[PDB]
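So this first bit is one chain, no partners, the form deposited in one PDB entry, shown in structure tokens.
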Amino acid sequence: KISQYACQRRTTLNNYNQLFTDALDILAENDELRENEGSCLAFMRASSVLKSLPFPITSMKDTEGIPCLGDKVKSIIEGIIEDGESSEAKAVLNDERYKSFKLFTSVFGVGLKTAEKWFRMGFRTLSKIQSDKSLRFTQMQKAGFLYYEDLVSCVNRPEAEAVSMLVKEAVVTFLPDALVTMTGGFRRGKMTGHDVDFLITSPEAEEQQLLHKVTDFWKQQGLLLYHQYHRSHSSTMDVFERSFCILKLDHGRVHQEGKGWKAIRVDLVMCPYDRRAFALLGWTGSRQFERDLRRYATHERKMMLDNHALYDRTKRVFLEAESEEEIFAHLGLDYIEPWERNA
């Protein structure tokens, strides 16, 4: 009855197995660090399937019939049932390679490889890395270390709403007919997020440079702290735009103070109005929902799904969709609401 695919199940923000999922997230992280991809993904798949459960696991008889649960994960669940604590997950939290990985990757622009590199070189504290005279940091890491305190503190709902006000203001000046939709975690009904995601669209447009007009508008106001611009060219080829920014958000815009503003990561995606459903589906997430939408489409339906279209391999035709509901209906899936995509 429970599907091994996240796109074929409902995952709201009510997690009844948080004691089990917190341990499995830790064991996935350790296998990611140790670079054993298959084992990492298995712990990720299993943590995700327990989040979908409308009930908490209290006995091993509960695990029966649940996909993504094999011998190793069943033995992790058993340990939390008998003790209340996981011995395997607790060991990982005390590991020095893991502690450094979680401390060095907390910096925006630093991933697994540089965090492994710095640990190999003998680095333990984020201050020693910053106070060096040989390390060559990327523009992303220079931003990550500049705004570190504001960047590690999550974006809340009043902040996402003030960022929404800023984006809609900026967009409406260049394209007054444009539709601005909050995507990502906040569209899934989350109250906090690491960043704020948006999707911008226009039926009457000119649109080929809106993100470049909007970001130059913020730069003239001194609000563009960092920016990385992206582009692209029955469905046919793209018209697509993307802009990943770090914006200066004055506390006056949000409903000791000190600084007067907070650095927030803003992801702005722009697509043609006829490609909106695919973009909404692709940028609402979650990441697990997306990787399982792709997995299910290729393996169960002989179809290819991306953030821009859905292709039927057998019929050799692109399947058109005006809404997210039409994409689900094409794929042979029961519609999953954005707040039910928290896989």
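Think of the rigid core as the biggest set of C-alphas that the two forms share within 1.5 Å after superposition. For every residue, the number given is its place in the sequence shown, counted from 1.
From this point on, the text means the form deposited in another entry, which you will not see here.
Residue shift check between the shown form and the other one, rigid core fit, residue 33 Cα at least 2 Å: Comparing the forms between the shown form and the other one, which are aligned on their rigid core, residue 33 does shift its C-alpha by 2 Å or more.
Closer or farther: C-alpha pair residue 32/residue 282 in the other form, relative to this form, given a change of 3 Å or more: Compared with the shown chain, residue 32-residue 282 is farther in the other form.
Cα separation of residue 38 and residue 20 in the other form versus here, shift of 3 Å or more: Relative to the shown form, the pair is closer.
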